[PDB]
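For reference, entry-v8.cif is printed below; it contains mmCIF, C-alpha atoms.
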```cif
data_my_file
#
loop_
_atom_site.label_atom_id
_atom_site.label_comp_id
_atom_site.auth_asym_id
_atom_site.auth_seq_id
_atom_site.Cartn_x
_atom_site.Cartn_y
_atom_site.Cartn_z
CA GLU O 2379 47.28 16.27 58.11
CA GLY O 2380 49.56 16.95 55.17
CA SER O 2381 51.82 19.73 53.97
CA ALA O 2382 52.91 21.11 50.60
CA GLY O 2383 56.06 22.66 49.21
CA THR O 2384 59.16 23.54 51.15
CA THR O 2385 59.27 25.13 54.56
CA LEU O 2386 58.55 28.90 54.65
CA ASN O 2387 57.12 28.80 51.08
CA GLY O 2388 54.42 26.18 51.32
CA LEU O 2389 51.27 24.88 52.95
CA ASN O 2390 51.11 23.18 56.33
CA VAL O 2391 48.26 21.90 58.49
CA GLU O 2392 48.84 22.23 62.24
CA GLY O 2393 46.07 20.51 64.18
CA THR O 2394 42.86 22.24 63.10
CA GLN O 2395 44.62 25.14 61.37
CA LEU O 2396 45.79 25.36 57.77
CA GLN O 2397 48.45 27.96 57.10
CA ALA O 2398 49.92 29.13 53.80
CA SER O 2399 53.42 30.57 53.95
CA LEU O 2400 55.62 32.91 51.94
CA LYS O 2401 59.11 34.38 52.07
CA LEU O 2402 59.37 37.98 50.89
CA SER O 2403 62.99 37.53 49.79
CA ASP O 2404 61.66 34.92 47.35
CA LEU O 2405 59.39 37.48 45.65
CA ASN O 2406 62.16 39.88 44.51
CA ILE O 2407 60.00 42.96 44.88
CA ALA O 2408 63.10 45.14 45.35
CA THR O 2409 64.13 44.53 41.71
CA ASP O 2410 60.76 45.23 40.06
CA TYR O 2411 61.76 48.87 39.50
CA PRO O 2412 65.31 50.08 38.78
CA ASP O 2413 67.55 50.96 41.70
CA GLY O 2414 68.11 54.55 40.56
CA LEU O 2415 64.87 55.71 42.19
CA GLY O 2416 65.71 54.83 45.80
CA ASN O 2417 66.90 51.94 47.94
CA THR O 2418 64.66 52.21 51.02
CA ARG O 2419 61.74 50.18 49.68
CA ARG O 2420 59.45 49.53 52.62
CA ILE O 2421 55.92 48.15 52.79
CA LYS O 2422 53.15 50.67 53.39
CA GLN O 2423 50.24 48.24 53.74
CA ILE O 2424 49.22 44.67 52.87
CA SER O 2425 45.66 43.66 51.95
CA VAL O 2426 44.34 40.21 51.11
CA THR O 2427 41.84 39.01 48.50
CA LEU O 2428 40.25 35.55 48.82
CA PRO O 2429 38.14 34.89 45.71
CA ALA O 2430 36.09 32.05 47.19
CA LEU O 2431 32.40 31.19 46.92
CA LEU O 2432 31.29 32.88 50.13
CA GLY O 2433 27.84 31.81 51.22
CA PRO O 2434 25.04 34.22 52.13
CA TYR O 2435 26.22 36.22 55.17
CA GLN O 2436 29.25 33.98 55.72
CA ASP O 2437 32.39 35.18 57.49
CA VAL O 2438 36.04 34.61 56.67
CA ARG O 2439 38.54 33.81 59.41
CA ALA O 2440 42.18 34.13 58.41
CA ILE O 2441 45.23 35.72 60.01
CA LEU O 2442 48.08 36.99 57.87
CA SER O 2443 51.04 37.27 60.24
CA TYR O 2444 54.73 38.04 59.91
CA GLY O 2445 57.49 35.75 61.11
CA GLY O 2446 60.82 37.50 61.47
CA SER O 2447 62.99 39.87 63.44
CA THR O 2448 61.91 43.29 62.12
CA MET O 2449 60.61 45.75 64.73
CA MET O 2450 57.05 46.53 63.46
CA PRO O 2451 56.11 48.89 66.29
CA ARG O 2452 53.34 46.89 68.03
CA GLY O 2453 50.33 44.76 67.01
CA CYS O 2454 50.73 45.88 63.33
CA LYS O 2455 52.49 42.47 62.84
CA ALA O 2456 49.22 40.72 61.93
CA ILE O 2457 45.78 41.33 60.45
CA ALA O 2458 42.51 39.42 60.52
CA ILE O 2459 40.71 38.72 57.25
CA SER O 2460 36.92 38.77 57.54
CA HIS O 2461 35.71 40.47 54.36
CA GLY O 2462 38.05 38.47 52.13
CA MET O 2463 37.75 40.87 49.18
CA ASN O 2464 40.67 43.36 49.19
CA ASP O 2465 40.75 44.02 52.92
CA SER O 2466 43.22 44.64 55.64
CA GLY O 2467 42.11 44.00 59.19
CA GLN O 2468 40.88 47.57 59.43
CA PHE O 2469 37.38 48.99 59.32
CA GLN O 2470 37.43 51.99 56.94
CA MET O 2471 40.97 51.74 55.53
CA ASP O 2472 42.76 55.04 56.10
CA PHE O 2473 45.99 55.92 54.39
CA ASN O 2474 47.63 58.99 55.98
CA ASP O 2475 46.46 57.64 59.33
CA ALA O 2476 47.90 59.11 62.51
CA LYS O 2477 48.82 55.61 63.69
CA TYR O 2478 50.93 53.11 61.78
CA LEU O 2479 49.15 50.84 59.34
CA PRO O 2480 49.71 47.09 59.74
CA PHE O 2481 52.99 45.88 58.18
CA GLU O 2482 54.04 49.50 57.61
CA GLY O 2483 57.80 49.78 57.44
CA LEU O 2484 58.41 46.14 56.56
CA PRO O 2485 61.51 46.18 54.32
CA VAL O 2486 60.16 44.52 51.20
CA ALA O 2487 63.29 42.42 50.56
CA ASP O 2488 63.80 40.96 54.03
CA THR O 2489 64.20 37.27 54.85
CA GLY O 2490 60.96 37.16 56.78
CA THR O 2491 58.05 34.76 56.71
CA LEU O 2492 54.58 35.95 55.68
CA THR O 2493 52.11 33.33 56.92
CA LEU O 2494 48.35 33.36 56.29
CA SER O 2495 46.62 30.89 58.60
CA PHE O 2496 43.02 29.65 58.59
CA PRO O 2497 41.26 28.66 61.82
CA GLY O 2498 39.00 25.63 61.60
CA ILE O 2499 40.15 23.51 58.67
CA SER O 2500 37.56 20.76 59.29
CA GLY O 2501 34.82 22.60 61.19
CA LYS O 2502 32.95 25.70 60.06
CA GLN O 2503 35.42 26.47 57.25
CA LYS O 2504 35.85 23.23 55.34
CA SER O 2505 33.68 24.37 52.42
CA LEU O 2506 35.38 27.78 52.17
CA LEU O 2507 38.81 26.20 51.88
CA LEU O 2508 37.54 23.61 49.39
CA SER O 2509 36.16 26.44 47.23
CA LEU O 2510 39.29 28.60 47.51
CA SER O 2511 40.66 29.44 44.06
CA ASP O 2512 43.83 31.21 45.19
CA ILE O 2513 45.14 33.63 47.80
CA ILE O 2514 45.92 37.12 46.51
CA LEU O 2515 48.05 39.65 48.38
CA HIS O 2516 48.05 43.36 47.54
CA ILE O 2517 51.47 44.39 48.83
CA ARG O 2518 51.50 48.19 48.85
CA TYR O 2519 54.97 49.62 49.39
CA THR O 2520 56.90 52.86 49.01
CA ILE O 2521 60.14 53.46 47.12
CA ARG O 2522 62.03 56.24 48.89
CA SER O 2523 65.53 57.57 48.35
CA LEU C 2330 47.97 63.33 83.65
CA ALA C 2331 51.40 62.97 82.07
CA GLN C 2332 51.98 59.67 83.88
CA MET C 2333 48.64 58.43 82.58
CA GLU C 2334 49.40 59.67 79.05
CA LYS C 2335 52.81 57.96 79.14
CA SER C 2336 51.22 54.70 80.27
CA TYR C 2337 48.61 55.06 77.53
CA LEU C 2338 51.23 55.62 74.82
CA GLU C 2339 53.28 52.70 76.12
CA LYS C 2340 50.27 50.37 76.33
CA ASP C 2341 48.24 51.40 73.27
CA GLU C 2342 48.78 49.01 70.37
CA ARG C 2343 47.04 48.68 67.02
CA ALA C 2344 44.13 46.19 66.85
CA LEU C 2345 42.74 43.12 65.31
CA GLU C 2346 39.42 44.31 63.92
CA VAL C 2347 37.10 41.37 63.19
CA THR C 2348 33.54 41.51 61.95
CA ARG C 2349 31.43 38.47 62.79
CA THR C 2350 28.08 37.84 61.12
CA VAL C 2351 25.56 36.16 63.42
CA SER C 2352 22.25 35.00 61.95
CA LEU C 2353 19.58 34.18 64.52
CA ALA C 2354 18.17 31.40 62.34
CA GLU C 2355 21.42 29.45 62.71
CA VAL C 2356 21.61 30.17 66.45
CA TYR C 2357 17.98 29.26 67.14
CA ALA C 2358 18.19 26.20 64.89
CA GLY C 2359 21.35 24.85 66.52
CA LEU C 2360 20.53 25.57 70.15
CA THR C 2361 19.87 21.91 71.23
CA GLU C 2362 17.32 22.90 73.90
CA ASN C 2363 13.89 24.01 72.62
CA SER C 2364 15.56 24.72 69.30
CA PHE C 2365 13.34 26.00 66.52
CA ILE C 2366 13.26 27.45 63.03
CA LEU C 2367 12.89 31.22 63.09
CA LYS C 2368 10.66 31.88 60.07
CA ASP C 2369 7.73 29.79 61.32
CA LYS C 2370 7.94 30.73 64.98
CA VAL C 2371 7.81 34.43 64.06
CA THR C 2372 4.56 33.93 62.15
CA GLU C 2373 3.21 31.75 64.96
CA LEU C 2374 3.97 34.48 67.50
CA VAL C 2375 2.82 37.37 65.29
CA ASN C 2376 -0.48 35.88 64.08
CA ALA C 2377 -1.12 35.07 67.75
CA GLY C 2378 0.59 37.75 69.81
CA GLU C 2379 1.00 35.70 73.00
CA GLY C 2380 3.53 32.91 72.72
CA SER C 2381 7.25 32.45 73.18
CA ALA C 2382 9.96 30.29 71.62
CA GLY C 2383 13.12 28.61 72.84
CA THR C 2384 14.64 28.96 76.26
CA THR C 2385 14.94 32.14 78.26
CA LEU C 2386 17.73 34.53 77.14
CA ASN C 2387 18.13 32.65 73.80
CA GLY C 2388 14.64 32.74 72.36
CA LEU C 2389 11.61 34.70 71.25
CA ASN C 2390 9.06 36.26 73.58
CA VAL C 2391 6.01 38.47 73.03
CA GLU C 2392 5.37 41.00 75.80
CA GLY C 2393 2.07 42.78 75.24
CA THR C 2394 2.39 44.47 71.86
CA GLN C 2395 6.16 43.94 71.59
CA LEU C 2396 8.00 40.97 70.13
CA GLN C 2397 11.59 40.60 71.27
CA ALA C 2398 14.27 38.19 70.07
CA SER C 2399 17.01 37.37 72.56
CA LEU C 2400 20.59 36.14 72.54
CA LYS C 2401 23.37 35.33 74.99
CA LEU C 2402 26.86 36.27 73.84
CA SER C 2403 28.47 33.54 75.93
CA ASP C 2404 26.46 31.08 73.80
CA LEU C 2405 28.09 32.32 70.59
CA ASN C 2406 31.71 31.45 71.54
CA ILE C 2407 33.19 34.38 69.64
CA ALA C 2408 36.26 34.37 71.90
CA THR C 2409 37.37 31.00 70.46
CA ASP C 2410 36.95 31.82 66.76
CA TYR C 2411 40.61 32.86 66.54
CA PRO C 2412 43.45 31.29 68.54
CA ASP C 2413 44.28 32.74 71.94
CA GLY C 2414 47.89 33.55 71.04
CA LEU C 2415 46.87 36.86 69.45
CA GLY C 2416 45.38 38.53 72.53
CA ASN C 2417 42.84 37.95 75.27
CA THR C 2418 41.07 41.32 75.51
CA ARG C 2419 38.48 40.71 72.80
CA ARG C 2420 35.97 43.53 73.06
CA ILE C 2421 33.16 44.62 70.75
CA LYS C 2422 33.82 47.69 68.63
CA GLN C 2423 30.37 48.05 67.07
CA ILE C 2424 27.20 46.05 66.34
CA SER C 2425 25.04 46.58 63.26
CA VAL C 2426 21.82 44.80 62.30
CA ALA Y 2476 35.60 61.06 69.09
CA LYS Y 2477 32.73 59.60 71.12
CA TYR Y 2478 32.21 55.93 71.90
CA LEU Y 2479 30.27 53.88 69.38
CA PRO Y 2480 27.27 51.91 70.69
CA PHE Y 2481 28.25 48.61 72.37
CA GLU Y 2482 31.92 49.61 72.18
CA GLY Y 2483 33.91 47.84 74.86
CA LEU Y 2484 31.43 45.01 75.36
CA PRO Y 2485 33.58 41.97 76.26
CA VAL Y 2486 32.57 39.56 73.53
CA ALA Y 2487 32.44 36.50 75.83
CA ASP Y 2488 30.36 37.93 78.67
CA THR Y 2489 27.21 36.37 80.11
CA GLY Y 2490 25.04 39.22 78.92
CA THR Y 2491 21.73 39.30 77.09
CA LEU Y 2492 21.48 40.86 73.63
CA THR Y 2493 17.78 41.54 73.00
CA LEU Y 2494 16.31 42.91 69.77
CA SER Y 2495 12.73 44.07 70.36
CA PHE Y 2496 10.06 45.13 67.85
CA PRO Y 2497 7.42 47.72 68.76
CA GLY Y 2498 3.95 47.05 67.43
CA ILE Y 2499 3.62 43.32 66.78
CA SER Y 2500 -0.04 43.56 65.69
CA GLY Y 2501 -0.35 47.17 64.53
CA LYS Y 2502 1.74 48.90 61.89
CA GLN Y 2503 4.39 46.15 61.82
CA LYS Y 2504 2.49 42.89 61.47
CA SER Y 2505 3.38 42.48 57.78
CA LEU Y 2506 7.07 43.29 58.33
CA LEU Y 2507 7.39 40.61 60.99
CA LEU Y 2508 5.45 38.11 58.88
CA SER Y 2509 7.86 38.74 55.99
CA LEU Y 2510 10.99 38.57 58.16
CA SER Y 2511 13.40 35.94 56.85
CA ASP Y 2512 15.96 36.14 59.66
CA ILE Y 2513 17.75 38.63 61.90
CA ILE Y 2514 21.42 39.18 61.08
CA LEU Y 2515 23.91 40.81 63.44
CA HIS Y 2516 27.26 42.17 62.28
CA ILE Y 2517 29.26 41.99 65.50
CA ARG Y 2518 32.44 43.98 64.90
CA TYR Y 2519 35.03 43.46 67.62
CA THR Y 2520 38.73 43.97 68.28
CA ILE Y 2521 41.30 41.41 69.42
CA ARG Y 2522 43.91 43.21 71.50
CA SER Y 2523 46.78 41.85 73.56
CA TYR K 2282 61.58 65.35 83.64
CA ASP K 2283 61.52 61.54 83.56
CA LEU K 2284 58.12 61.64 81.82
CA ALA K 2285 59.08 64.23 79.22
CA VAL K 2286 62.43 62.66 78.35
CA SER K 2287 60.48 59.42 77.88
CA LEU K 2288 58.21 61.27 75.43
CA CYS K 2289 61.28 62.66 73.66
CA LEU K 2290 62.91 59.24 73.29
CA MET K 2291 59.55 57.95 72.05
CA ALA K 2292 59.56 60.59 69.29
CA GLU K 2293 63.21 59.74 68.57
CA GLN K 2294 62.26 56.08 68.26
CA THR K 2295 59.61 56.80 65.67
CA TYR K 2296 62.08 59.10 63.87
CA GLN K 2297 64.45 56.13 63.67
CA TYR K 2298 61.60 53.98 62.42
CA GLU K 2299 60.29 56.29 59.67
CA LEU K 2300 63.59 57.48 58.28
CA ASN K 2301 65.34 54.11 58.07
CA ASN K 2302 68.18 55.16 60.37
CA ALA K 2303 68.58 53.32 63.67
CA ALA K 2304 71.70 55.33 64.57
CA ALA K 2305 69.99 58.74 64.65
CA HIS K 2306 70.71 60.16 68.10
CA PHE K 2307 69.28 63.62 68.73
CA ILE K 2308 68.52 63.43 72.45
CA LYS K 2309 71.83 63.46 74.21
CA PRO K 2310 72.54 61.79 77.57
CA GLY K 2311 72.40 64.65 79.99
CA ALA K 2312 70.20 67.73 80.38
CA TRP K 2313 69.51 66.98 84.04
CA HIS K 2314 72.51 68.62 85.64
CA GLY K 2315 71.90 67.66 89.25
CA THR K 2316 73.93 70.38 90.93
CA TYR K 2317 71.79 73.14 89.44
CA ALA K 2318 68.56 71.24 90.30
CA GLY K 2319 68.08 70.07 86.72
CA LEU K 2320 67.30 73.58 85.53
CA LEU K 2321 67.33 74.28 81.78
CA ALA K 2322 66.31 70.67 81.15
CA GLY K 2323 63.39 71.64 78.94
CA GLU K 2324 65.49 74.15 77.02
CA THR K 2325 67.94 71.36 76.17
CA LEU K 2326 65.10 69.01 75.25
CA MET K 2327 63.43 71.64 73.03
CA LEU K 2328 66.82 72.10 71.39
CA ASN K 2329 66.99 68.36 70.73
#
```

Starting from the coordinates I provided, produce the structure as structure tokens.
Amino acid sequence: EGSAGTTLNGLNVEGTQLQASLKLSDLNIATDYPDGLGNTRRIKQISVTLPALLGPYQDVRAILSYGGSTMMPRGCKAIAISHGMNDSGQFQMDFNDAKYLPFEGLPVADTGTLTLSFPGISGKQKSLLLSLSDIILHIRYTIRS
Amino acid sequence: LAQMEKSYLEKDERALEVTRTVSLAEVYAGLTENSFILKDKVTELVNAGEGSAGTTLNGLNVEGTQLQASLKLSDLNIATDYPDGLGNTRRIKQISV
Amino acid sequence: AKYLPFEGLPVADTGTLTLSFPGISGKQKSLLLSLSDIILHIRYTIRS
Amino acid sequence: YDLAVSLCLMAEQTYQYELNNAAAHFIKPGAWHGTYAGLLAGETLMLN
């Protein structure tokens, strides 16, 4: 039933679905490196690590979506996490793809919402969420002048 | 051809690639109608190459010198693993064993 | 470039997915006696 | 002409997406001059 933290930077259970939220403006990724090397700092790709005690041949179900007003050409706005160990949604991750990677071109300092949501909080994935140490996001971005 | 290519480029979007692991021991054990454990019914049907197990289309069957294990994909409910707000065309990319 | 096997199977259809073993009593009796379970990695795509 | 100017504006849209410049306008309104049957439309679009 419950929630945690503030809105847009906390946990929330909606029915049978736990989601964990994030605001990218609250990460201050645009000031990690000095501003003399470019101002267009846009996300290339986002991959998720879930260091949980996965059972033998057990799947992960999680959707990391984006809530905001940025364009994000088409269905690149969300991924599905099934491996759980440094994955995007993709099978055989391919940088320099012909198509756009998911979350590619997200401006890394926007006031958007980055929500990772778990289907089935009480059903098939109670034990996975009880054994979840933390949620780790590999935000890969590009600093361009 | 250019009309069809334009419609393809306007209707092609990315994906949501999902792998789903299905073990037949869990499916055959939780089938609620002639349900069985897989590891003992395989040795029952291999040491005597005649019998069957479970219902039709979701069970084991020996046909001559050929054991087959069956499954119905409607009985897996893969289309309701994720919420329906992320797309309805949920089609298999690939199956590996 | 070509289609993968089972590509485009609608994942909620009323179809039958049968895995069949040749030679239950011949060269593959011991393999089927030692079989723990059968595991299927069904890789699919959710598209709007 | 309708199909190919749609392809051109599609390439312009991904130009505006990659280089973070939503005001880049290379494909000018025109190039189908109706009184000369829309001739030299593809020359103008190759120019753009």

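Take the candidates O:2468, O:2390, O:2493, O:2509 and check each one against chain Y using only C-alpha atoms; the shortest distance goes to O:2468.
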
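For residue 2503 (chain Y), the non-local neighbours within 12 Å, defined as residues at least 3 positions apart in the same chain or in other chains and counting all atoms listed in the file, are residues 2375, 2376, 2394, 2395 and 2396 of chain C; 2496, 2497, 2498, 2499, 2500, 2506, 2507, 2508, 2509 and 2510 of chain Y.
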
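Proximity ranking of O:2404, O:2413, O:2437, O:2379 relative to chain Y places O:2437 first, based on only C-alpha atoms.
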
Residues matched by the PyMOL selection byres ((chain Y) within 9 of (chain O)) as a tab-separated table (two decimals) with C-alpha atoms, in the frame of the given file:
```tsv
chain	number	residue	atom	x	y	z
Y	2514	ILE	CA	21.42	39.18	61.08
Y	2518	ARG	CA	32.44	43.98	64.90
Y	2522	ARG	CA	43.91	43.21	71.50
Y	2523	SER	CA	46.78	41.85	73.56
```

Sorted by chain and rising residue number, list the residues of chain O at most 12 Å from chain C (counting all atoms listed in the file), each with its closest atom pair and distance in Å to one decimal, as a Markdown table.
```
| residue | atom | partner | partner_atom | distance |
| --- | --- | --- | --- | --- |
| O:2393 | CA | C:2412 | CA | 11.9 |
| O:2394 | CA | C:2412 | CA | 10.6 |
| O:2395 | CA | C:2412 | CA | 9.5 |
| O:2433 | CA | C:2350 | CA | 11.6 |
| O:2434 | CA | C:2350 | CA | 10.2 |
| O:2435 | CA | C:2350 | CA | 6.4 |
| O:2436 | CA | C:2350 | CA | 6.7 |
| O:2437 | CA | C:2350 | CA | 6.2 |
| O:2438 | CA | C:2349 | CA | 8.6 |
| O:2439 | CA | C:2411 | CA | 7.5 |
| O:2440 | CA | C:2411 | CA | 8.4 |
| O:2441 | CA | C:2411 | CA | 8.5 |
| O:2442 | CA | C:2345 | CA | 11.0 |
| O:2443 | CA | C:2415 | CA | 10.1 |
| O:2450 | CA | C:2343 | CA | 10.8 |
| O:2451 | CA | C:2342 | CA | 8.4 |
| O:2452 | CA | C:2342 | CA | 5.5 |
| O:2453 | CA | C:2343 | CA | 5.1 |
| O:2454 | CA | C:2343 | CA | 5.9 |
| O:2455 | CA | C:2343 | CA | 9.3 |
| O:2456 | CA | C:2345 | CA | 7.7 |
| O:2457 | CA | C:2345 | CA | 6.0 |
| O:2458 | CA | C:2345 | CA | 6.1 |
| O:2459 | CA | C:2347 | CA | 7.4 |
| O:2460 | CA | C:2348 | CA | 6.2 |
| O:2461 | CA | C:2348 | CA | 8.0 |
| O:2462 | CA | C:2348 | CA | 11.2 |
| O:2465 | CA | C:2346 | CA | 11.1 |
| O:2466 | CA | C:2346 | CA | 9.1 |
| O:2467 | CA | C:2346 | CA | 5.5 |
| O:2468 | CA | C:2346 | CA | 5.7 |
| O:2469 | CA | C:2346 | CA | 6.9 |
| O:2470 | CA | C:2346 | CA | 10.6 |
| O:2471 | CA | C:2346 | CA | 11.3 |
| O:2475 | CA | C:2343 | CA | 11.8 |
| O:2476 | CA | C:2343 | CA | 11.4 |
| O:2477 | CA | C:2343 | CA | 7.9 |
| O:2478 | CA | C:2343 | CA | 7.9 |
| O:2479 | CA | C:2343 | CA | 8.3 |
| O:2480 | CA | C:2343 | CA | 7.9 |
| O:2481 | CA | C:2343 | CA | 11.0 |
| O:2482 | CA | C:2343 | CA | 11.8 |
| O:2495 | CA | C:2411 | CA | 10.2 |
| O:2496 | CA | C:2411 | CA | 8.9 |
| O:2497 | CA | C:2411 | CA | 6.4 |
| O:2498 | CA | C:2410 | CA | 8.3 |
| O:2501 | CA | C:2410 | CA | 11.0 |
| O:2502 | CA | C:2410 | CA | 9.9 |
| O:2503 | CA | C:2410 | CA | 11.0 |
```

Q: For residue 2388 (chain O), list every protein, DNA or RNA residue within 9 Å, evaluated using only C-alpha atoms, and leave out those in the same chain fewer than 3 positions away; present the list as a VMD selection string.
A: chain O and resid 2381 to 2385 2397 to 2400

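Residues lying within 8 Å of residue 2368 (chain C), counting all atoms listed in the file and ignoring same-chain neighbours fewer than 6 positions away, are residues 2354 of chain C; 2510, 2511 and 2512 of chain Y.
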
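Taking CA of residue 2287 (chain K) and CA of residue 2301 (chain K) as the two end points, the separation is 21.1 Å.
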
Q: Name every residue that the PyMOL selection byres ((chain C and resi 2332-2336) around 12) selects in this structure, writing the answer as JSON, numbers by chain with chains first and numbers rising.
A: {"C": [2330, 2331, 2337, 2338, 2339, 2340, 2341, 2342], "K": [2282, 2283, 2284, 2285, 2286, 2287, 2288, 2289, 2290, 2291]}

Can you list what the PyMOL selection byres ((chain O) within 12 of (chain K)) grabs from this structure, as a short mmCIF file (atom, residue, chain, number, x, y, z; two decimals) with C-alpha atoms, in the coordinates of the input?
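This went into result.cif:
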```cif
data_model
loop_
_atom_site.label_atom_id
_atom_site.label_comp_id
_atom_site.auth_asym_id
_atom_site.auth_seq_id
_atom_site.Cartn_x
_atom_site.Cartn_y
_atom_site.Cartn_z
CA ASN O 2417 66.90 51.94 47.94
CA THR O 2418 64.66 52.21 51.02
CA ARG O 2419 61.74 50.18 49.68
CA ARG O 2420 59.45 49.53 52.62
CA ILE O 2421 55.92 48.15 52.79
CA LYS O 2422 53.15 50.67 53.39
CA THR O 2448 61.91 43.29 62.12
CA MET O 2449 60.61 45.75 64.73
CA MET O 2450 57.05 46.53 63.46
CA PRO O 2451 56.11 48.89 66.29
CA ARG O 2452 53.34 46.89 68.03
CA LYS O 2477 48.82 55.61 63.69
CA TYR O 2478 50.93 53.11 61.78
CA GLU O 2482 54.04 49.50 57.61
CA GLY O 2483 57.80 49.78 57.44
CA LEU O 2484 58.41 46.14 56.56
CA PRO O 2485 61.51 46.18 54.32
CA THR O 2520 56.90 52.86 49.01
CA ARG O 2522 62.03 56.24 48.89
CA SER O 2523 65.53 57.57 48.35
#
```

Could you work out an axis-aligned bounding box for all listed atoms of region 2510-2520 of chain Y, with 6 Å added on each of the six sides, and give its centre and edge lengths in Å to one decimal, as JSON?
```
{"center_x": 24.9, "center_y": 40.0, "center_z": 62.6, "size_x": 39.7, "size_y": 20.0, "size_z": 23.4}
```

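When CA of residue 2393 (chain C) is paired with CA of residue 2357 (chain C), their separation reads 22.4 Å.
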
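If you look at CA of residue 2426 (chain C) and CA of residue 2353 (chain C), they are 11.1 Å away from each other.
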
Q) For the point (29.0, 52.1, 72.0) in file coordinates, what residues are within 10 Å, counting all atoms listed in the file? Give the answer as JSON, numbers by chain? A) {"C": [2421, 2422, 2423, 2424], "Y": [2477, 2478, 2479, 2480, 2481, 2482, 2483, 2484]}

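Distances from K:2328, K:2318, K:2305, K:2292 to chain C were compared using all atoms listed in the file, and the smallest one belongs to K:2292.
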
Mind filling out region 2476-2489 of chain Y with N, CA, C and O atoms and sending it as an mmCIF file, in the frame of the given file?
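result.cif was written with the following content:
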```cif
data_model
loop_
_atom_site.group_PDB
_atom_site.id
_atom_site.type_symbol
_atom_site.label_atom_id
_atom_site.label_comp_id
_atom_site.auth_asym_id
_atom_site.auth_seq_id
_atom_site.Cartn_x
_atom_site.Cartn_y
_atom_site.Cartn_z
ATOM 1 N N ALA Y 2476 35.122 60.521 67.815
ATOM 2 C CA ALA Y 2476 35.600 61.060 69.090
ATOM 3 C C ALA Y 2476 34.841 60.440 70.253
ATOM 4 O O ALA Y 2476 35.435 60.126 71.290
ATOM 5 N N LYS Y 2477 33.537 60.246 70.097
ATOM 6 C CA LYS Y 2477 32.730 59.600 71.120
ATOM 7 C C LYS Y 2477 32.731 58.090 70.934
ATOM 8 O O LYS Y 2477 33.124 57.567 69.889
ATOM 9 N N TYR Y 2478 32.279 57.387 71.970
ATOM 10 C CA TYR Y 2478 32.210 55.930 71.900
ATOM 11 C C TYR Y 2478 31.042 55.491 71.032
ATOM 12 O O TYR Y 2478 29.928 56.007 71.154
ATOM 13 N N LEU Y 2479 31.308 54.521 70.162
ATOM 14 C CA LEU Y 2479 30.270 53.880 69.380
ATOM 15 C C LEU Y 2479 29.362 53.067 70.304
ATOM 16 O O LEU Y 2479 29.750 52.725 71.422
ATOM 17 N N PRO Y 2480 28.134 52.774 69.876
ATOM 18 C CA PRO Y 2480 27.270 51.910 70.690
ATOM 19 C C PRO Y 2480 27.797 50.489 70.747
ATOM 20 O O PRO Y 2480 28.263 49.946 69.744
ATOM 21 N N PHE Y 2481 27.738 49.918 71.954
ATOM 22 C CA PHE Y 2481 28.250 48.610 72.370
ATOM 23 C C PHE Y 2481 29.761 48.519 72.313
ATOM 24 O O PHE Y 2481 30.302 47.411 72.354
ATOM 25 N N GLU Y 2482 30.463 49.646 72.230
ATOM 26 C CA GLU Y 2482 31.920 49.610 72.180
ATOM 27 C C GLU Y 2482 32.473 49.281 73.557
ATOM 28 O O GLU Y 2482 32.116 49.915 74.553
ATOM 29 N N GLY Y 2483 33.353 48.292 73.607
ATOM 30 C CA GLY Y 2483 33.910 47.840 74.860
ATOM 31 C C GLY Y 2483 33.140 46.738 75.530
ATOM 32 O O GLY Y 2483 33.468 46.390 76.669
ATOM 33 N N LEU Y 2484 32.115 46.205 74.882
ATOM 34 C CA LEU Y 2484 31.430 45.010 75.360
ATOM 35 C C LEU Y 2484 32.406 43.851 75.263
ATOM 36 O O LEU Y 2484 32.885 43.560 74.161
ATOM 37 N N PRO Y 2485 32.734 43.172 76.361
ATOM 38 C CA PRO Y 2485 33.580 41.970 76.260
ATOM 39 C C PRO Y 2485 32.799 40.861 75.584
ATOM 40 O O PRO Y 2485 31.747 40.446 76.067
ATOM 41 N N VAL Y 2486 33.344 40.360 74.475
ATOM 42 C CA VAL Y 2486 32.570 39.560 73.530
ATOM 43 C C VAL Y 2486 32.192 38.191 74.074
ATOM 44 O O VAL Y 2486 31.332 37.517 73.498
ATOM 45 N N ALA Y 2487 32.782 37.771 75.194
ATOM 46 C CA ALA Y 2487 32.440 36.500 75.830
ATOM 47 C C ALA Y 2487 31.785 36.692 77.189
ATOM 48 O O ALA Y 2487 31.982 35.861 78.080
ATOM 49 N N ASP Y 2488 31.013 37.758 77.381
ATOM 50 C CA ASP Y 2488 30.360 37.930 78.670
ATOM 51 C C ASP Y 2488 29.014 37.210 78.698
ATOM 52 O O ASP Y 2488 28.463 36.818 77.666
ATOM 53 N N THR Y 2489 28.479 37.054 79.908
ATOM 54 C CA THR Y 2489 27.210 36.370 80.110
ATOM 55 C C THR Y 2489 26.067 37.385 80.121
ATOM 56 O O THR Y 2489 25.241 37.454 81.031
#
```
